[PDB]
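Below you'll find the structure, written out as structure tokens, and then a few comments.
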Amino acid sequence: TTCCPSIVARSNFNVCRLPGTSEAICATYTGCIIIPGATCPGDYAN
């Protein structure tokens, strides 16, 4: 599951994903994170 820190970060993440870039690279690019669970924490609410 991906969790993002802000709306901007999410929006950027989604653009990053459009060419098929792995989630992990889009994560470091944006500040979003990949977790194994499905429950994003309050500071990664977006």
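Labels used: A, B, ... for chains in the order of the structure tokens, numbers from 1 for residues in each chain, and numbers from 1 for ligands as shown.
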
Test item: residues at most 12 Å from residue 33 in chain A, only C-alpha atoms, excluding those fewer than 3 positions along its chain, as a list in words: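 Close residues of residue 33 in chain A: residues 1, 2, 3, 4, 5, 6, 9, 10, 13, 23, 24, 25, 26, 27, 28, 29, 30, 36, 37, 38, 39, 40, 41, 43, 44, 45 and 46 of chain A.
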
Could you pull out the helix (DSSP H, G or I) residues of chain A from DSSP and send them as number ranges by chain? A: 7-17, 23-30

Go ahead and save the picked residues with N, CA, C and O atoms, as a PDB file, in the first residue's frame.
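This went into out.pdb:
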ATOM      1  N   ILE A   7      -1.375  16.060  -0.298  1.00  0.00           N
ATOM      2  CA  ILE A   7      -2.128  15.928  -1.570  1.00  0.00           C
ATOM      3  C   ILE A   7      -1.152  16.096  -2.755  1.00  0.00           C
ATOM      4  O   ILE A   7      -1.197  15.294  -3.711  1.00  0.00           O
ATOM      5  N   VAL A   8      -0.301  17.131  -2.687  1.00  0.00           N
ATOM      6  CA  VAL A   8       0.671  17.382  -3.741  1.00  0.00           C
ATOM      7  C   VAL A   8       1.542  16.130  -4.046  1.00  0.00           C
ATOM      8  O   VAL A   8       1.810  15.739  -5.223  1.00  0.00           O
ATOM      9  N   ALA A   9       2.029  15.549  -2.947  1.00  0.00           N
ATOM     10  CA  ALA A   9       2.865  14.351  -3.046  1.00  0.00           C
ATOM     11  C   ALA A   9       2.136  13.174  -3.760  1.00  0.00           C
ATOM     12  O   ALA A   9       2.738  12.486  -4.578  1.00  0.00           O
ATOM     13  N   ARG A  10       0.863  12.997  -3.376  1.00  0.00           N
ATOM     14  CA  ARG A  10       0.021  11.973  -4.049  1.00  0.00           C
ATOM     15  C   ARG A  10      -0.129  12.252  -5.550  1.00  0.00           C
ATOM     16  O   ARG A  10      -0.042  11.338  -6.405  1.00  0.00           O
ATOM     17  N   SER A  11      -0.416  13.518  -5.854  1.00  0.00           N
ATOM     18  CA  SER A  11      -0.641  13.902  -7.246  1.00  0.00           C
ATOM     19  C   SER A  11       0.638  13.611  -8.085  1.00  0.00           C
ATOM     20  O   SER A  11       0.556  13.052  -9.214  1.00  0.00           O
ATOM     21  N   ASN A  12       1.759  14.013  -7.460  1.00  0.00           N
ATOM     22  CA  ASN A  12       3.077  13.748  -8.096  1.00  0.00           C
ATOM     23  C   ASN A  12       3.383  12.241  -8.268  1.00  0.00           C
ATOM     24  O   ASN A  12       3.909  11.866  -9.304  1.00  0.00           O
ATOM     25  N   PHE A  13       3.036  11.484  -7.223  1.00  0.00           N
ATOM     26  CA  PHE A  13       3.163  10.030  -7.257  1.00  0.00           C
ATOM     27  C   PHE A  13       2.411   9.391  -8.452  1.00  0.00           C
ATOM     28  O   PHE A  13       2.925   8.552  -9.232  1.00  0.00           O
ATOM     29  N   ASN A  14       1.171   9.859  -8.586  1.00  0.00           N
ATOM     30  CA  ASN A  14       0.337   9.304  -9.672  1.00  0.00           C
ATOM     31  C   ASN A  14       0.877   9.600 -11.063  1.00  0.00           C
ATOM     32  O   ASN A  14       0.770   8.807 -12.004  1.00  0.00           O
ATOM     33  N   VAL A  15       1.458  10.799 -11.224  1.00  0.00           N
ATOM     34  CA  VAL A  15       2.075  11.151 -12.511  1.00  0.00           C
ATOM     35  C   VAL A  15       3.315  10.256 -12.712  1.00  0.00           C
ATOM     36  O   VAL A  15       3.541   9.729 -13.805  1.00  0.00           O
ATOM     37  N   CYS A  16       4.105  10.147 -11.657  1.00  0.00           N
ATOM     38  CA  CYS A  16       5.298   9.303 -11.708  1.00  0.00           C
ATOM     39  C   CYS A  16       5.006   7.861 -12.172  1.00  0.00           C
ATOM     40  O   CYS A  16       5.801   7.239 -12.893  1.00  0.00           O
ATOM     41  N   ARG A  17       3.824   7.375 -11.792  1.00  0.00           N
ATOM     42  CA  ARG A  17       3.369   5.979 -12.059  1.00  0.00           C
ATOM     43  C   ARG A  17       2.889   5.794 -13.518  1.00  0.00           C
ATOM     44  O   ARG A  17       2.900   4.656 -13.969  1.00  0.00           O
ATOM     45  N   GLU A  23       6.881   1.598  -7.913  1.00  0.00           N
ATOM     46  CA  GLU A  23       6.426   2.333  -6.692  1.00  0.00           C
ATOM     47  C   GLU A  23       7.592   2.838  -5.788  1.00  0.00           C
ATOM     48  O   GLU A  23       7.570   3.967  -5.281  1.00  0.00           O
ATOM     49  N   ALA A  24       8.574   1.963  -5.697  1.00  0.00           N
ATOM     50  CA  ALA A  24       9.692   2.351  -4.795  1.00  0.00           C
ATOM     51  C   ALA A  24      10.418   3.618  -5.250  1.00  0.00           C
ATOM     52  O   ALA A  24      10.841   4.417  -4.416  1.00  0.00           O
ATOM     53  N   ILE A  25      10.657   3.739  -6.604  1.00  0.00           N
ATOM     54  CA  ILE A  25      11.253   4.934  -7.104  1.00  0.00           C
ATOM     55  C   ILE A  25      10.330   6.163  -6.993  1.00  0.00           C
ATOM     56  O   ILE A  25      10.818   7.261  -6.700  1.00  0.00           O
ATOM     57  N   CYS A  26       9.049   5.935  -7.263  1.00  0.00           N
ATOM     58  CA  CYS A  26       8.109   7.042  -7.125  1.00  0.00           C
ATOM     59  C   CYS A  26       8.009   7.518  -5.652  1.00  0.00           C
ATOM     60  O   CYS A  26       7.755   8.685  -5.368  1.00  0.00           O
ATOM     61  N   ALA A  27       8.170   6.543  -4.762  1.00  0.00           N
ATOM     62  CA  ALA A  27       8.198   6.846  -3.317  1.00  0.00           C
ATOM     63  C   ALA A  27       9.316   7.852  -2.920  1.00  0.00           C
ATOM     64  O   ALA A  27       9.085   8.914  -2.326  1.00  0.00           O
ATOM     65  N   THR A  28      10.582   7.481  -3.267  1.00  0.00           N
ATOM     66  CA  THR A  28      11.678   8.392  -2.950  1.00  0.00           C
ATOM     67  C   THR A  28      11.606   9.712  -3.711  1.00  0.00           C
ATOM     68  O   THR A  28      12.105  10.785  -3.230  1.00  0.00           O
ATOM     69  N   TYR A  29      11.004   9.660  -4.903  1.00  0.00           N
ATOM     70  CA  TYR A  29      10.828  10.889  -5.694  1.00  0.00           C
ATOM     71  C   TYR A  29       9.893  11.922  -5.043  1.00  0.00           C
ATOM     72  O   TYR A  29      10.110  13.131  -5.205  1.00  0.00           O
ATOM     73  N   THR A  30       8.868  11.396  -4.398  1.00  0.00           N
ATOM     74  CA  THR A  30       7.749  12.213  -3.874  1.00  0.00           C
ATOM     75  C   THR A  30       7.681  12.431  -2.350  1.00  0.00           C
ATOM     76  O   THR A  30       6.989  13.357  -1.920  1.00  0.00           O
TER      77      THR A  30
END
